[PDB]
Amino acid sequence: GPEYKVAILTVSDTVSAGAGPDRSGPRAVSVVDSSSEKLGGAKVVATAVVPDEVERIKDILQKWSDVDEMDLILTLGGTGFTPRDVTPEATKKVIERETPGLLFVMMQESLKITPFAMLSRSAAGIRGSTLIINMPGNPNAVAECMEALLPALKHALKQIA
């Protein structure tokens, strides 16, 4: 396996219900893969889809961190202002140590692209030796957020181990 095991969680009632395909997940996998060396040897080893339900989100984040030994979890979607956007709230429950600088960089860089970046309520932090980062559900958002992180994310992953 890879130096760093990455898992991608798509959070979406629509995808989870089989009402539409996942358009964000593949973009996230592609960005991680294509940045594998810049990330210190990262590979996406697992994906999953959950609905916009705090308990479902918490359960997968806990399992992937505590049991499956993932190193990086990216979540996609559920960070906006609608009532069903609960990804940050689930995330804040599971993380042990907050990582606000990652949020800062994502926001700073995303705002250069679109003012609608301000509507992302993404959270991020560390549980055990797993880094968890919320990204927006727009496919273009993940690539932009990863580019913002890439200069330091390899070192984040080194440090958490």
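Residue indices: 1-based, along the sequence shown.
The PDB entry reports B-factors from which the mean C-alpha value can be compared for 89-97 and 32-40; the larger average falls on 32-40. Once the C-alpha B-factors are averaged per stretch, 41-49 and 132-140 rank with 132-140 first. Per the PDB entry, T114 shows the highest C-alpha temperature factor of the residues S65, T114, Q108, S122. Ranked within its chain, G25 lands in the lowest third, by CA B factor from the PDB record. Split the chain's modelled residues into thirds by C-alpha temperature factor. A156 is in the middle one. Ranked by Cα temperature factor within the chain, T10 sits in the lowest third according to the deposited record.
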